[PDB]
């Protein structure tokens, strides 16, 4: 339909996949949190000075059920720059971005992301677990044969804080990054000190 947008926004040139293949791992409350994190990602994307092409893949099971029902009047099927895919094939390469340009983001890997680059596709785990499934996305990316990178933000997080961000905080941070290409500023915008 007619979403509210930042009419001055331009394409960052990146894709972000919310990897929502973890239905069976969450309880009902967490499926709720996830759906709301997805709607917040959309809000961040519409507001951002630079948008990404965001995809939810696979979009299935209780998450899909919740959109078909409690969130039916969000008009999700028609969202701007934000798409819902029936499987995870996009994570292995497609006609727009090939496999050598795909990275899986995870807090559990050593190698830091240096920058976000136009033409790349970044996968973010779509799961609300408060990091109870230790190294889940790291081991999965390894199995998929996709390189892993962590967000270069540990320099800005003190021990007492949460270094394993929510799905939506990661998206918000990634969008904010394009304003100045400054990780610290993007972090401080999303998680005020």
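Positions refer to the first chain, counted from 1.
J.: Could you check the entry and say whether 18 to 26 or 5 to 13 has the higher mean CA B-factor?
T.: In the deposited entry, the stretch with the higher C-alpha B-factor mean is 5 to 13.
J.: Comparing 116 to 124 with 87 to 95, which has the greater mean CA B-factor as deposited?
T.: Looking at the recorded C-alpha B-factors, 87 to 95 comes out higher on average.
J.: Between 150, 40, 139, 134, which one tops the list for Cα B-factor in this entry?
T.: That would be 40, according to the entry.
J.: Mind checking which third residue 165 falls in for C-alpha B-factor across the chain?
T.: It belongs to the middle third of the chain when residues are ordered by C-alpha B-factor.
J.: Hey, what third does residue 109 fall into on Cα B-factor, ranked over its chain?
T.: Middle third by C-alpha B-factor.
J.: Could you say whether, by C-alpha temperature factor, residue 55 belongs to the lowest, middle or highest third of its chain?
T.: For residue 55, whose C-alpha B-factor we compare with every modelled residue in the chain, the answer is the lowest third.
J.: Ordered by C-alpha B-factor within the chain, which third holds residue 48? Give me lowest, middle or highest, please.
T.: It belongs to the middle third of the chain when residues are ordered by C-alpha B-factor.
J.: Thinking about Cα B factors across the chain, which third does residue 146 belong to?
T.: For residue 146, whose C-alpha B-factor we compare with every modelled residue in the chain, the answer is the lowest third.
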